[PDB]
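Undergrad: To start, I am sharing the structure in question, which I have written as structure tokens.
Here Cβ is always computed from backbone atoms with ideal geometry, including for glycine, and neighbour counts include all displayed protein chains. Since every read-out is calculated from the coordinates, none of them should be taken as a lab result.
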Amino acid sequence: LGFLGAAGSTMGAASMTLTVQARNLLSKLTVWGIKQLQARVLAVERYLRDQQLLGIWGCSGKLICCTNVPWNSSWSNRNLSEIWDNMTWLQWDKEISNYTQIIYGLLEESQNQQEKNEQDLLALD
Amino acid sequence: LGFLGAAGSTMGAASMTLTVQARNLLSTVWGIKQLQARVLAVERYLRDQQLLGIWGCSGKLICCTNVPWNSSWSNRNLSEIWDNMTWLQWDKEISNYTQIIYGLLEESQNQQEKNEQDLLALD
Amino acid sequence: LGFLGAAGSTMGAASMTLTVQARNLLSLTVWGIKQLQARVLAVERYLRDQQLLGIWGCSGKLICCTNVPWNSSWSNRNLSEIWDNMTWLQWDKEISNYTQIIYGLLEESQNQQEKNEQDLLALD
Amino acid sequence: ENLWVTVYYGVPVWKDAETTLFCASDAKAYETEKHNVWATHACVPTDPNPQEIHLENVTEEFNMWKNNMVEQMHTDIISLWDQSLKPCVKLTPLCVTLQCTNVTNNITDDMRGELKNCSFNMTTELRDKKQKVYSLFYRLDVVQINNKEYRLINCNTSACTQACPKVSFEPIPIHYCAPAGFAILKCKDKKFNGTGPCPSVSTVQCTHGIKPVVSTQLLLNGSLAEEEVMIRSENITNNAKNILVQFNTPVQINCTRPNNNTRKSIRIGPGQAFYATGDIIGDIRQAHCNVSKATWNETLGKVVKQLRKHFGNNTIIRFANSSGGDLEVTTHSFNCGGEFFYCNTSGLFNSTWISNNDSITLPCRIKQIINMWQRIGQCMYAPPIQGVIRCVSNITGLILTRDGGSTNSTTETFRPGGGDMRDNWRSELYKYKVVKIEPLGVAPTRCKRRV
Amino acid sequence: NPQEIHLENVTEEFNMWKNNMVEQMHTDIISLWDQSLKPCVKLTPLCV
Amino acid sequence: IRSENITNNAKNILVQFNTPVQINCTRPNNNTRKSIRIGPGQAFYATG
Amino acid sequence: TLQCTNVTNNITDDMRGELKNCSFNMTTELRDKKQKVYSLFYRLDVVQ
Amino acid sequence: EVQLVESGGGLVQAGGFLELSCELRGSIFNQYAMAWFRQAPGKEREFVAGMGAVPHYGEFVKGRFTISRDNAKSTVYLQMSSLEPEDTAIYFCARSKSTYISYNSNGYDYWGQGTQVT
Amino acid sequence: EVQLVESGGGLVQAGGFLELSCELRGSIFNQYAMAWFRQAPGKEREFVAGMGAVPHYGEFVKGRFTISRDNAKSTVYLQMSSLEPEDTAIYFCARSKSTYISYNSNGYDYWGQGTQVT
Ligand SMILES: *[C@@H]1O[C@H](CO)[C@@H](O[C@@H]2O[C@H](CO)[C@@H](O[C@@H]3O[C@H](CO[C@H]4O[C@H](CO)[C@@H](O)[C@H](O)[C@@H]4O)[C@@H](O)[C@H](O[C@H]4O[C@H](CO)[C@@H](O)[C@H](O)[C@@H]4O)[C@@H]3O)[C@H](O)[C@H]2NC(C)=O)[C@H](O)[C@H]1NC(C)=O
Ligand SMILES: *[C@@H]1O[C@H](CO)[C@@H](O[C@@H]2O[C@H](CO)[C@@H](O[C@@H]3O[C@H](CO)[C@@H](O)[C@H](O[C@H]4O[C@H](CO)[C@@H](O)[C@H](O)[C@@H]4O)[C@@H]3O)[C@H](O)[C@H]2NC(C)=O)[C@H](O)[C@H]1NC(C)=O
Ligand SMILES: *[C@@H]1O[C@H](CO)[C@@H](O[C@@H]2O[C@H](CO)[C@@H](O[C@@H]3O[C@H](CO[C@H]4O[C@H](CO)[C@@H](O)[C@H](O)[C@@H]4O)[C@@H](O)[C@H](O)[C@@H]3O)[C@H](O)[C@H]2NC(C)=O)[C@H](O)[C@H]1NC(C)=O
Ligand SMILES: *[C@@H]1O[C@H](CO)[C@@H](O[C@@H]2O[C@H](CO)[C@@H](O[C@@H]3O[C@H](CO)[C@@H](O)[C@H](O)[C@@H]3O)[C@H](O)[C@H]2NC(C)=O)[C@H](O)[C@H]1NC(C)=O
Ligand SMILES: *[C@@H]1O[C@H](CO)[C@@H](O[C@@H]2O[C@H](CO)[C@@H](O[C@@H]3O[C@H](CO)[C@@H](O)[C@H](O)[C@@H]3O)[C@H](O)[C@H]2NC(C)=O)[C@H](O)[C@H]1NC(C)=O
Ligand SMILES: *[C@@H]1O[C@H](CO)[C@@H](O[C@@H]2O[C@H](CO)[C@@H](O[C@@H]3O[C@H](CO)[C@@H](O)[C@H](O)[C@@H]3O)[C@H](O)[C@H]2NC(C)=O)[C@H](O)[C@H]1NC(C)=O
Ligand SMILES: *[C@@H]1O[C@H](CO)[C@@H](O[C@@H]2O[C@H](CO)[C@@H](O[C@@H]3O[C@H](CO)[C@@H](O)[C@H](O)[C@@H]3O)[C@H](O)[C@H]2NC(C)=O)[C@H](O)[C@H]1NC(C)=O
Ligand SMILES: *[C@@H]1O[C@H](CO)[C@@H](O[C@@H]2O[C@H](CO)[C@@H](O)[C@H](O)[C@H]2NC(C)=O)[C@H](O)[C@H]1NC(C)=O
Ligand SMILES: *[C@@H]1O[C@H](CO)[C@@H](O[C@@H]2O[C@H](CO)[C@@H](O)[C@H](O)[C@H]2NC(C)=O)[C@H](O)[C@H]1NC(C)=O
Ligand SMILES: *[C@@H]1O[C@H](CO)[C@@H](O[C@@H]2O[C@H](CO)[C@@H](O)[C@H](O)[C@H]2NC(C)=O)[C@H](O)[C@H]1NC(C)=O
Ligand SMILES: *[C@@H]1O[C@H](CO)[C@@H](O[C@@H]2O[C@H](CO)[C@@H](O)[C@H](O)[C@H]2NC(C)=O)[C@H](O)[C@H]1NC(C)=O
Ligand SMILES: *[C@@H]1O[C@H](CO)[C@@H](O[C@@H]2O[C@H](CO)[C@@H](O)[C@H](O)[C@H]2NC(C)=O)[C@H](O)[C@H]1NC(C)=O
Ligand SMILES: *[C@@H]1O[C@H](CO)[C@@H](O[C@@H]2O[C@H](CO)[C@@H](O)[C@H](O)[C@H]2NC(C)=O)[C@H](O)[C@H]1NC(C)=O
Ligand SMILES: *[C@@H]1O[C@H](CO)[C@@H](O[C@@H]2O[C@H](CO)[C@@H](O)[C@H](O)[C@H]2NC(C)=O)[C@H](O)[C@H]1NC(C)=O
Ligand SMILES: *[C@@H]1O[C@H](CO)[C@@H](O[C@@H]2O[C@H](CO)[C@@H](O)[C@H](O)[C@H]2NC(C)=O)[C@H](O)[C@H]1NC(C)=O
Ligand SMILES: *[C@@H]1O[C@H](CO)[C@@H](O)[C@H](O)[C@H]1NC(C)=O
Ligand SMILES: *[C@@H]1O[C@H](CO)[C@@H](O)[C@H](O)[C@H]1NC(C)=O
Ligand SMILES: *[C@@H]1O[C@H](CO)[C@@H](O)[C@H](O)[C@H]1NC(C)=O
Ligand SMILES: *[C@@H]1O[C@H](CO)[C@@H](O)[C@H](O)[C@H]1NC(C)=O
Ligand SMILES: *[C@@H]1O[C@H](CO)[C@@H](O)[C@H](O)[C@H]1NC(C)=O
Ligand SMILES: *[C@@H]1O[C@H](CO)[C@@H](O)[C@H](O)[C@H]1NC(C)=O
Ligand SMILES: *[C@@H]1O[C@H](CO)[C@@H](O)[C@H](O)[C@H]1NC(C)=O
């Protein structure tokens, strides 16, 4: 299990080894010259968008990240242990694929709200 | 109010919409003109990201600090800053005495650097 | 006082000025394209180091100590003299062999904390 | 009972994507630099013992016929051939009124009019002087302009380039590797017919070395099947689609050009040199290829058995030679030792199969000016090769076309034809595909962020 | 007035013979001459 | 009426008006194109 | 060099000498063969 | 989207003259060859003429027809001359799968709508 | 790894024809010149011939020999003609340190193993 090896293992099992996936995300003019550079630049852009998207939520380099936004029932409406001891990530991405963007906007709302509350609590004293 | 609509709104009103500008800062005549444009965006993103990192706040988007505010820079009521006046107008007023603040803001985290890794050592 | 100015000084003095080096780690024709390779490389090297820090227990700290115990075999000498008489350049040569195994120790220690925090916040 | 979303980073999920793939080449050829048309000097070295790691319990759907990394491999070879020819001579002053006569140096009855001995005027090092020079040209590269005056075949359309006599057409393996954030999934399933799920799949750093061999009928030197002969086609019932056949055990083909050709230098002008053909030493003989009658017949026996699965147990399978058309599709075209062959495969594909020691000598022809498959326009000129050519190669498959016939015929006739070069590499990239890694999956857990 | 910052109490080893960055200067000057002569006119007609 | 400096006659004046005015331009001749082969892959498009 | 004559086929008065009928040798796809061709040229594009 | 559009529409008598045109839209012209096929009523498709880098003509042509391609307009033009009465058929335009011309219909993947020439 | 490999040599009657060769493997051919040095038994190395962009010959050649370079295979030849009996020696191949040729032995840095020509 060196990279993506936990794809078929359970979401609980796969989530135990995430740093393996994290590390393999940044590693005369000739035809291969441009194709190499276009590869190197593309990797940087995709890596920095995920970090930025995590940053605007309440977790930057946490790699396991809890939030204050509730789990709307309609998204999955199924018991917890089922989706952690009997299902893999690839199947799970299909169930909520339509609902990823709506959750992302909610996470932005809760983080900006959380920041000022932290700011205000440092001013009254 | 989709990218910069709060540009003319009051400073206090503009701080509600901060993530909106954040996510937009990173998203063969034209072959190289497109290539060079993408690298420049990345470098500018990391310059301000690293500049925040050297201070004690990297992924905060609002960050307090241990640096007293010299009255010379502003010498104006706090009420009118956030209730009448805008980030556009403010960046011009502070424009003169701004690079001093960046250096001091590094000192406070340097003063915390003088204090961070000793309390855990003497425990 | 400037970039790498404290290179010849001991570790204790070197750690005083760590931001001076941090700042200077990012800052059609055959001359410009030589710059493009240089400009892409700078971010690539910078991001590799930052990603390595993140998977450890520190993202932008600039000082970061861990709960993995130091194996005496690596150094075998007094703390009071390495920080007052040794420089970083000397230290790298000795610990170079005992490196890339320490990195794995740092990688594992952070993941378990992330799960323990996941576990701790669940039993409330 | 309350539940909140949780964010997980570094999560294993992927999605089919389109991207640019770069080259990786083994360092065994780094020494003795020379130069290649595929320019593997700039190709970054590959990593030894790459991370070929299996993925369990994962089912992934492949489709070799609409696969990516074949269209963009097609462009790479086209562009890789273009920059190789750019710095080389332009034979613009070569086609003028020639004065050719037949070669009669103890020729054989097969090679009667196939060689012409031509003489022409060419500028010396000074632009104020001409001189008469002569060269030997094949019959396929000249036309009459009446008489005994000729011109080169292909300079009333375009002009030809001389492949610098250092570039080496010999193919070498190429590994196509994806960038960080992308992975290549390889199908390990034995009975993989090009489409559908592949229950045995793995992910690799990047593909095995794929030698790009340009060839029509009888694609050579490719990858072999695992335990049976595989017949893969986009749609069997459609006669207009090709049939890519890959058999496990190779059958050896020995192709030679017996003529002991010599190389001569003719000065086009100041700084320009043209590599001509001097007098041929020894005897004249047709070029030919050799395959075993036993090995070829058993291989066709295996192919017919597999063809009955998709066509019927009680069916007559018939083989016939090429339908007829352009020379580069009616014959086995390939490149051997820097020279271009056109072999008549009528002796291989002629048989009928009922449901219930010696070799095959198939003659070949040579050309010097070739219409490149890269474009309908520009050609190129292959300089003569010193000595006697001989190369042994593996036949690893076929490209077939079924003759269209009405129902109730009970006799299916297949013809050979290569045509598109995309099929040459579609036979090698059938295993692979590209996906983009998509971390940041959101799931709920019994945890709340601290306030 | 480039910031030539003196490094004190540190020793460093040098070797000008196996040094790189002269081979890079050699390759630069060759390439810089190559593109300087690309737009220039050739003298092929003068061979008379 | 837009001008960088209306009093400096050396500065051009740009006019932009509301309703466009139509202009119909034609070449009445029925021209025939002739192809002449300059050389290999070279064609000159003359006028017949 | 061009051998040119005025084109006049019941030409309109406004076009007394606007067009020229020019003939000239030209090189074919074979270097050692020449060809005589003609083209029509506007007066503004030819100089006597 | 690859598509082929035909022209000509022959209604000429014996010993006539025509020029069929076929434009290639959704693909590169200098990457594939194009050929003309014919279907007399109650018969099968037959090869008439085609040209990639080299022209080929059918046996019944006997040097009457002539093919050419203008890469500028991405069209292939078929001259028609000495049209005997037996030419009455539907002339189809097809694009080859490669740069080479075959005489069998299995060598082409895109076909024109058709033109009935009588 | 710059390595020099040679050929030629062996007996030939006086007035005969011999050709020597020496190829360059580990470095660019169009960046360095080549030279031929011969060491008679008991004597010191003396310049024979060498070509960069210009051919140079030793004072004893008297126009008999001829040096050329073929960039295609990066080899330098030496067409020996009218070989007198005083030419017998071990002939070395040397790569110059630049594009220019020197008659001295220290203008070159890589040498061949040797080849006896008698
Ligand atoms: C393709 O076509 C070219 C040109 O047509 C041929 O090249 C010529 O071939 C002929 C025939 O072999 C050559 O003629 C031969 O030349 C030999 C060399 O001597 C010549 O040169 C010396 C100076 O070096 C002169 O003094 C001398 O007069 C010759 O001109 C001769 O030795 C040959 O002699 C043969 O014939 C005589 C009878 O005439 C006999 O007595 C001899 O014993 C001997 O058999 C002969 O004359 C000619 O030199 C070639 N070059 C040219 C420019 O013409 C190619 O051979 C041809 N290639 C093929 C494959 O067909
Ligand atoms: C299919 O694969 C087989 C092997 O996997 C391959 O056979 C190879 O063919 C090439 C060319 O025909 C051979 O290379 C030649 O080898 C001979 C010795 O046998 C040498 O003398 C040759 O040297 C000449 O060419 C060089 C390159 O131009 C020159 O530098 C030199 O001076 C000589 O002029 C040449 O290197 C190769 O040895 C075989 N390999 C094997 C294992 O048989 C076959 O060609 C492939 N088929 C196709 C269609 O590509
Ligand atoms: C400029 O000069 C051109 C040269 O003649 C003029 O073209 C002429 O246009 C008329 C009107 O369309 C045509 O008359 C028709 O001809 C068709 C048959 O023509 C077929 O064959 C020609 C051969 O070239 C082909 O080009 C056509 O497309 C057809 O396939 C009849 O069926 C019609 O009933 C009608 O008679 C002329 O044939 C055509 N001339 C030539 C030589 O083609 C053009 O009109 C002139 N323009 C102006 C503005 O004056
Ligand atoms: C716009 O254009 C006007 C011109 O209409 C500019 O005004 C001109 O400014 C020049 C400045 O050198 C004046 O030149 C001066 O002329 C007097 C003689 O009258 C001479 O004694 C001085 O030594 C000097 O050369 C010029 O007279 C003046 N003309 C006018 C009509 O105003 C104006 O500067 C331009 N720019 C702007 C922003 O208006
Ligand atoms: C431009 O000049 C050229 C060359 O002088 C002209 O070409 C020639 O034009 C004549 C008619 O003007 C063509 O017909 C010939 O007429 C003579 C009259 O006696 C007849 O005897 C011939 O049998 C022939 O029919 C002639 O073919 C043509 N030659 C060529 C090579 O095209 C051209 O007409 C002039 N055009 C203009 C617009 O001025
Ligand atoms: C470039 O040159 C080639 C070869 O000369 C041209 O192809 C040849 O074109 C001629 C046309 O004059 C063809 O001749 C024709 O033959 C038929 C009988 O099959 C006859 O009935 C016609 O009247 C005509 O004479 C010839 O078949 C054809 N192919 C060969 C191998 O010669 C080519 O057309 C030239 N390029 C262009 C753009 O025309
Ligand atoms: C390019 O042109 C130059 C100049 O002509 C050529 O150099 C010349 O090469 C010839 C032999 O090919 C030399 O002739 C010999 O000269 C010696 C002198 O002692 C004589 O003894 C021999 O019998 C023979 O005649 C000639 O000297 C030489 N030029 C000079 C000035 O030394 C060169 O070979 C040409 N290169 C090519 C590739 O054609
Ligand atoms: C290099 O050596 C000099 C000489 O010993 C060092 O200077 C000493 O620095 C310490 C630092 O506090 C002082 O306490 C000593 O008094 C200094 N010595 C003298 C003689 O004044 C210097 O620190 C060393 N390192 C560098 C980078 O210069
Ligand atoms: C290649 O294999 C796949 C799967 O093994 C075949 O797909 C199925 O084929 C059967 C019969 O041909 C159909 O009934 C199914 O509906 C197909 N499955 C799907 C998902 O479409 C495919 O037909 C095979 N191709 C060939 C040419 O034999
Ligand atoms: C291909 O096979 C043919 C057999 O017909 C070979 O031709 C024979 O080669 C031998 C070898 O010396 C000769 O003795 C015979 O005279 C040749 N003719 C016949 C009829 O046997 C040919 O050499 C083979 N070529 C290759 C490349 O294998
Ligand atoms: C390929 O070779 C075959 C022979 O095996 C050629 O077919 C022969 O052609 C001649 C020419 O008229 C006929 O007389 C024979 O009867 C044919 N024999 C067979 C078995 O077909 C064929 O022509 C060759 N291919 C080409 C393109 O010339
Ligand atoms: C033709 O195929 C054979 C086997 O299919 C190849 O022989 C194998 O080559 C590989 C790599 O060179 C070796 O690891 C195997 O041990 C070989 N097996 C056998 C049975 O020889 C052969 O290299 C292919 N090419 C040629 C020209 O024969
Ligand atoms: C364009 O408009 C601007 C502002 O409406 C004009 O600028 C002012 O013009 C008045 C009168 O012309 C001057 O008194 C002011 O000093 C100008 N102010 C500035 C800042 O330049 C400008 O003149 C107009 N230009 C034109 C050509 O109409
Ligand atoms: C051909 O065209 C030229 C260019 O217009 C004519 O030259 C002029 O002709 C007019 C009318 O005779 C004279 O008044 C002018 O003096 C001429 N110009 C010159 C510079 O001489 C010429 O006359 C025309 N010839 C014919 C035969 O049409
Ligand atoms: C090409 O142009 C030349 C020069 O104009 C023509 O050659 C001679 O021209 C003069 C004057 O026009 C005539 O008196 C001669 O009779 C021409 N020579 C010949 C051999 O006819 C030549 O005619 C033109 N055409 C070609 C095809 O060369
Ligand atoms: C595949 O599934 C089986 C049964 O659910 C399980 O025992 C096995 O661990 C799974 N594979 C992996 C790699 O976890
Ligand atoms: C979730 O609820 C269903 C309801 O029938 C039950 O069968 C299942 O066992 C539950 N999940 C787990 C993990 O027990
Ligand atoms: C410390 O290093 C020694 C070897 O130098 C090794 O045997 C020992 O296991 C190591 N202990 C730890 C805790 O890393
Ligand atoms: C080859 O041709 C030559 C003519 O140049 C002839 O003398 C010789 O006899 C021929 N070879 C054989 C084997 O007949
Ligand atoms: C030359 O060979 C041709 C074969 O294409 C033949 O027709 C001709 O008669 C032979 N002889 C001459 C003098 O052309
Ligand atoms: C295969 O081709 C036949 C006829 O050409 C057609 O009816 C059938 O739908 C095709 N199959 C697919 C999967 O497109
Ligand atoms: C005018 O000239 C044109 C040129 O082709 C000709 O067709 C026409 O008949 C002429 N008309 C008269 C009235 O001369």
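Undergrad: Test of understanding: ordering D:174, D:236, D:184, D:385 by Cβ neighbours within 10 Å, fewest first, what list do you get? Can you show the working numbers first?
TA: Values: D:174 24, D:236 15, D:184 21, D:385 18.
By the 10 Å Cβ count, ascending, the order reads D:236, D:385, D:184, D:174.
Undergrad: Shifting gears a bit: Taking the Kirkwood radius as the inverse of the mean 1/r across Cα pairs, report the Rg/Rh of chain I.
TA: So for chain I, dividing Rg by the Kirkwood Rh gives 0.93.
Undergrad: When 1/r is averaged over all different Cα pairs and the result inverted, which Kirkwood radius in Å belongs to region B:29-74?
TA: 13.5
Undergrad: Something else now. What is the dipole size for region H:4-117, taken about its Cα centre, with +1 at each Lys and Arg Cβ and -1 at each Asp and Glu Cβ, in debye to the nearest 20?
TA: In total the dipole reaches around 260 debye.
Undergrad: Relative to the longest principal axis of the C-alpha atoms of chain E, give the angle of the C-alpha long axis of helix E:23-36, reported between 0 and 90° and rounded to the nearest 10°.
TA: With rounding to tens, the tilt is 30 degrees.
Undergrad: Please report, to one decimal in angstroms, the Kirkwood hydrodynamic radius of region A:1-50 built from all distinct Cα-Cα pairs.
TA: When all Cα pairs of region A:1-50 are included, the Kirkwood radius is 13.1 Å.
Undergrad: To continue, here is another question. Would you please state which residues of region D:384-398 a label at residue D:290 would reach in this model, taking the label point 7 Å out along Cα→Cβ and a backbone N cut-off of under 18 Å?
TA: Hits in region D:384-398 for residue D:290 at 18 Å: D:388-395.
Undergrad: For q = 0.10, 0.14, 0.19, 0.20 Å⁻¹, what log10 I(q)/I(0) does region D:182-312 give under the Debye formula with an equal point scatterer on each alpha carbon and no solvent?
TA: Normalising to I(0) and taking log10 leaves -0.59, -0.87, -1.26, -1.35.
Undergrad: Right, something else. Would you list which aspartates and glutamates come within 19 Å of residue D:132, measuring only between C-alpha atoms, while excluding same-chain residues fewer than 8 positions from it?
TA: D:149, D:279, G:32
Undergrad: Select from I:41, I:29, I:52 the residue farthest towards the positive end of the dipole of region I:4-118; place +1 on Cβ of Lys and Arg, -1 on Cβ of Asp and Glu, and compute about the Cα centre.
TA: I:29
Undergrad: Please report the net charge: other residues with Cβ closer than 15 Å to the Cβ of residue C:41, K and R +1, D and E -1.
TA: Details: positive: A:40, C:34, C:39, C:45, C:48; negative: B:43, C:44, C:49.
Here the count lands on +2.
Undergrad: When the dipole is taken about the Cα centre of region C:4-121, and only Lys, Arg (+1) and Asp, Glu (-1) are charged at their Cβ, what size is it in debye, to the nearest 20?
TA: Details: 9 positive and 11 negative charges, 118 e Å.
Here region C:4-121 has a charge dipole of around 560 debye.
Undergrad: What is the calculated FRET efficiency for residue H:44 to residue H:84, with r their C-beta to C-beta distance and R₀ = 25 Å, to the nearest 0.05?
TA: The computed FRET efficiency comes out at 0.80.
Undergrad: Can you divide the C-alpha Rg of region D:93-225 by 2.2 N^0.38 Å and report the result to two decimal places?
TA: 1.80
Undergrad: Helix-derived [θ] at 222 nm for chain D: sum -39500 (n - 2.57) over DSSP H runs of at least 4, divide by residue count, nearest 500?
TA: Rounded to the nearest 500, it is -3000 deg cm²/dmol.
Undergrad: Arranged from highest to lowest average of other beta-carbon atoms within 10 Å per residue, in what order do the peptides B:1-13, A:13-25, H:78-90, E:30-42 appear?
TA: Ranking the peptides B:1-13, A:13-25, H:78-90, E:30-42 by packing returns A:13-25, H:78-90, B:1-13, E:30-42.
Undergrad: Starting with the fewest neighbours, write out D:241, B:92, D:367 ranked by other beta-carbon atoms found within 10 Å of each beta-carbon.
TA: B:92, D:241, D:367
Undergrad: Karplus couplings for region H:15-32 from phi (6.51 cos²θ - 1.76 cosθ + 1.60, θ = phi - 60°), rounded to Hz, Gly and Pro as x?
TA: Along region H:15-32, the couplings run x, x, 6, 8, 8, 6, 10, 9, 9, 9, 10, x, 8, 6, 6, 7, 10, 9 Hz.
Undergrad: Give the Debye-formula value of log10 I(q)/I(0) at each listed q (0.18, 0.27, 0.28 Å⁻¹), with one equal scatterer per alpha carbon of region I:15-57, two decimals each.
TA: -0.71, -1.08, -1.10
Undergrad: Can you give the direction-averaged projected area of the convex hull of the alpha-carbon atoms in chain D, in nm²?
TA: Average of the hull's projected areas for chain D equals 32.4 nm².
Undergrad: How compact is chain F by the rule of thumb for globular proteins, expressed as Cα Rg over 2.2 N^0.38 Å?
TA: 2.39
Undergrad: Per residue Cα convex hull volume for the protein assembly as shown, in cubic angstrom?
TA: 336
Undergrad: Sticking with this one: Simple spin-label model, 7 Å along Cα-to-Cβ: residue G:8 to residue B:104 in nm?
TA: Distance between the two pseudo-spin positions: 9.4 nm.
Undergrad: On to the next question. Net charge within 11 Å of residue D:382 by Cβ-Cβ distance, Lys/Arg positive one each and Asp/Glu negative one each, not counting residue D:382 itself?
TA: Here the count lands on -1.
Undergrad: Taking the Cβ of residue A:79 as the center, what net charge do the other residues with Cβ under 12 Å away carry, scoring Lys and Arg +1 and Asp and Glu -1?
TA: Local charge sum for residue A:79: -1.
Undergrad: If I take the rotation axis that carries chain I onto chain H, which residue of chain I has the nearest beta-carbon, and at how many angstrom?
TA: Residue nearest the I-to-H axis, with distance in whole Å: I:30, 20.
Undergrad: Quick check: pseudo-label points 7 Å beyond the Cα along Cα→Cβ at residue H:3 and residue D:411, how many nm apart are they?
TA: Between residue H:3 and residue D:411, the label points sit 4.3 nm apart.
Undergrad: Next up: On a straight-distance basis, which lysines could pair with residue G:20 in a cross-link, Cα separation under 19 angstrom, same-chain partners fewer than 8 positions away excluded?
TA: Reachable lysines: F:34, G:36.
Undergrad: Same structure again: Between residue A:38 and residue C:89, with labels modelled 7 Å along Cα→Cβ, what's the label distance in nm to one decimal, could you check?
TA: 4.4
Undergrad: Over the alpha-carbon set of region H:71-118, divide Rg by the Kirkwood Rh and report the Rg/Rh ratio to two decimals.
TA: 1.00
Undergrad: At q = 0.19 Å⁻¹, what log₁₀ I(q)/I(0) does region D:246-293 have when each alpha carbon counts as one equal point scatterer in the Debye sum?
TA: Here log10 of I(q) over I(0) equals -0.75.
Undergrad: Largest first, please: the extent of the C-alpha atoms of chain C along each principal axis, to the nearest Å.
TA: Answer, in whole Å and largest first: 62, 42, 27 Å.
Undergrad: Using a simple charge model, +1 on the beta-carbon of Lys and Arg, -1 on the beta-carbon of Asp and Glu, nothing else, what dipole does the protein assembly as shown show about its Cα centre, in debye to the nearest 20?
TA: Charge dipole of the protein assembly as shown: 4920 debye, to the nearest 20.
Undergrad: For region D:110-187, what D do you get in µm² per second when you plug the Kirkwood radius from alpha-carbon pairs into Stokes-Einstein at 4 °C and 1.567 mPa s?
TA: Once the numbers are plugged in, D ends up at 73 µm²/s.
Undergrad: Along the charge dipole of chain A, pointing to its positive end and built from +1/-1 on Cβ of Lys, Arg, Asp and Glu, which listed residue (A:4, A:29, A:84) has its Cα farthest out?
TA: A:29
Undergrad: Calculated from DSSP H runs of 4 or more alone, at -39500 (n - 2.57) each and per residue, what is the 222 nm mean residue ellipticity of chain C, nearest 500? Display every interim value, and only then the final one.
TA: Numbers: 7 runs with 71 residues, N = 124.
Here the helix-only value at 222 nm equals -17000 deg cm²/dmol.
Undergrad: Greater than 19 Å separation of Cα atoms is the criterion. Which listed pairs, D:241/H:62; D:191/D:309; E:42/I:73; D:130/G:33; A:116/B:92, meet it?
TA: Pairs exceeding the cut-off: D:241/H:62; E:42/I:73; A:116/B:92.
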